[PDB]
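What follows draws every value from the coordinates through simple rules; no lab data is involved. Here the Cβ positions follow ideal geometry from the backbone for every residue, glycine too, while neighbour counts run over all protein chains shown.
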Ligand SMILES: CC(=O)N[C@H]1[C@H]([C@H](O)[C@H](O)CO)O[C@@](O[C@H]2[C@@H](O)[C@@H](CO)O[C@@H](O[C@H]3[C@H](O)[C@@H](O)[C@H](O)O[C@@H]3CO)[C@@H]2O)(C(=O)O)C[C@@H]1O
Ligand SMILES: CC(=O)N[C@H]1[C@H]([C@H](O)[C@H](O)CO)O[C@@](O[C@H]2[C@@H](O)[C@@H](CO)O[C@@H](O[C@H]3[C@H](O)[C@@H](O)[C@H](O)O[C@@H]3CO)[C@@H]2O)(C(=O)O)C[C@@H]1O
């Protein structure tokens, strides 16, 4: 954002009324002195995400079936980048019952 | 040591659900997505109890007829609807530098409808073979069938045509030509209403009885299927894990998911199952598998940065409402532009224009 | 370092409707024209009221049978007929000084008959499956079919 | 919408600048079948890579799509259904020789 | 001869090392059809030129052949027939990378230097494992690193 988020709590305890046991309680305030600088990072963002945003504008909203979620009807996915010599049993990893 | 080196097969990085995608891939790195759509025609999933919904799940409820020519109102479960979904994919990279970006481009896809075996159940209470002594086989699914599907980089563009523009479709819970174009149907819809065009924005909603893959002059979906009419007509199907198909286009392209989503759409009527109580001819469908193979393709960005960048920053500005320097009553009487420096002309009230290409000492007004 | 170069594809020049043709298309230009013809067999368009024309538009009206080997009356609305049309492209030649003119040549064509789904309406009023108790399905289109173009 | 199919046919002339096709599928109960596809293109190109030539800048599409009889729950009013057809005509510019140089009467009525 | 066909189907698992093919031809009176012939062969060869590799050292043949029903001239007791299928497989010897980690074998005996544990869920639908990240290389610092790689989370 360009935001600095301070957050806190400072309960001291119960203030008790000479009346009864209205233990209604007290807290104090807090000071902050942030020392901050300017640091170069790599843009986390893909600018034409907005071009994509545009496509998501011109492109209607669907209801449509579950291809994400808990009952996703996505059965499986695989990704391949390289070339590995034919594996024996491609799928044989950590055996646990 | 040099134990002979096995054949080179493409190396799987990781498999698993959609999240596997999350992982940076690289740029040649392909993704295989198996998934499927369940056949939603009529009775919805929700009445989970096989008593309350009788579990007609994946079955046209009953077949709601018509009064007579005058009145034909179907039922919202006497109505098989276009089944579909959208796969949401990761965003890939940019290069505002060379103004070029990469997209999710589908290539091939194997698909298969499953459950053709199910239509070998021949007990149960359908009309028996021999009605008479009430014996035989409880008659298999038969009747018209239809399977069609598509795969696209945007939803399916469709077109409505119907049998009788008078059918009393409900305004409620289904998308009809009306629901889309407010007004009612006309004989035109009934044949080729160039107006009656929608998008597959919903699901289990536009019935197939109406909406059809419209061969819009334009498309980023590949689709196909077929009709097979009839009443007794035998159901026929293809069990195979062998074949792939090419979403690739004529220029070697396939679809490209604009909006990092992939769109699957399809329908699979097998035909009517028939009760004994009566000829409550209600129909069945089967689910469909999908194995989409899509790669990363580098494409020329379409619309110019500025436009977006600065189209936005101009939409940020205070909206002004004010006098017309536009439209049909511009309070602007005139505009000229100069850059050069010709030597004095003659007629100072001369004009100048440029047309579909070039610039002209406008005709001496004297035509 | 450089720029990735997307695959080469035929560059669109303009798209829209017939007006587009007007563009000085050059010579190796290409034109894609999508159009469609409505099936004018039987009932003509015109009576738009689905009560007066019943809206049989896109249907042979009734079946004007004949009287006998001697007598056979057609009934012009009991008669599916050849549907056609003409696209009027633009004129291409202009320099007559040459013994070389230029003209429009058709190359290929995708085509598709649409709406086979329509025939999935099994309710409505057609002879039922079960005539007897008047039940079943208002029996779909069936019969000889013919498609040509 | 005039010449009825029941009468007129694509006469295979000696000569033709049109490509045509289709088929009959006779029958009474005969089920209908159709082809939904986006994918396939057809070539009007001829045996010499010529395809048609819009002599007279006209392009002439023509077709007929009978599907069968819809039979009224009544009597046996078999009135039959038809469907529409899309066309994506792909066409280019071809070059030719000026025909007019065939002088006055040398071609006139020839 | 247990899984009734009536129920079970060749599931196109995302993954497969089998080649199946078949068809359903429905109907009540539907006429049978076949192909008496020893002429052509079929390739189980995979997309990458592989074909099945008998994992285990087995070759698995599976099939079904309903021809339709034989109807008793008695009543209307159909009870259908099927025929046998022959197979002629052609197999070669192929080289692959080793799949069997002896460490598993030997460390199958490691979970015996310790017993079996019940204990809370760290795999399931209740994995009290809220999170895992794996890091390997080094990149300069990014802004928001947990970037919503999906368009809709915007
Ligand atoms: C076991 C059995 O007989 N199943 C029938 C059912 C049942 O008769 C009942 O509907 C569910 O227990 O009918 C099926 O068809 C029904 C379907 O066409 C629906 C469409 O809305 O209507 C049912 O009758 C309606 C009637 O048409 C409406 O006017 C009325 O308001 O409600 C009635 C039902 O209460 C049809 O019978 C079905 O699947 O539900 C067909 C099964 O074979
Ligand atoms: C719902 C229904 O059954 N519609 C019928 C109609 C209706 O009976 C009609 O619309 C009532 O106005 O009849 C249809 O058949 C007609 C058709 O065969 C035509 C062919 O020309 O003839 C009609 O009778 C004619 C008669 O032959 C003429 O000589 C006379 O001039 O006019 C009569 C009609 O008023 C048939 O009834 C029809 O399409 O109109 C078939 C529909 O299914």
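Side notes on the structure shown:
- Number of positions in segment B:218-228 that are more than 7 Å from every other protein chain (Cβ to nearest Cβ) and not in a loop (DSSP other than H, G, I, E, B): 1
- Of the strands (runs of 3 or more DSSP E) lying entirely inside segment D:30-104, those carrying at least 1 residues that are within 16 Å of ligand 2 (Cβ to nearest atom), at the interface with chain C (Cβ under 7 Å from one of its Cβ atoms) and under 17 Å from the mean Cα position of the chain (by Cα) are D:80-82.
- Scanning segment B:229-258 for residues that are out of contact with any helix residue (DSSP H, G or I) (no Cβ under 7 Å at 6 or more places or on another chain) and within 9 Å of chain C (Cβ to nearest Cβ) yields B:230, B:231, B:251, B:252, B:253.
- Residue count, segment B:264-282 (criterion: within 8 Å of another protein chain (Cβ to nearest Cβ), under 12 Å from residue B:80 (Cα atoms) and within 15 Å of ligand 1 (Cβ to nearest atom)): 1
- Of all the residues in segment C:127-149, those that are more than 12 Å from residue B:231 (Cβ to Cβ), within 7 Å of chain D (Cβ to nearest Cβ) and part of a strand (DSSP E or B) number 4.
- The conditions of being part of a helix (DSSP H, G or I) and either within 16 Å of ligand 1 (Cβ to nearest atom) or in contact with a helix residue (DSSP H, G or I) (Cβ under 7 Å, 6 or more places away or on another chain) (or both) are not met by residue B:312.
- Checking each residue in segment C:8-24 for being farther than 19 Å from residue B:218 by Cβ and assigned to a loop (DSSP other than H, G, I, E, B) picks out C:8, C:24.
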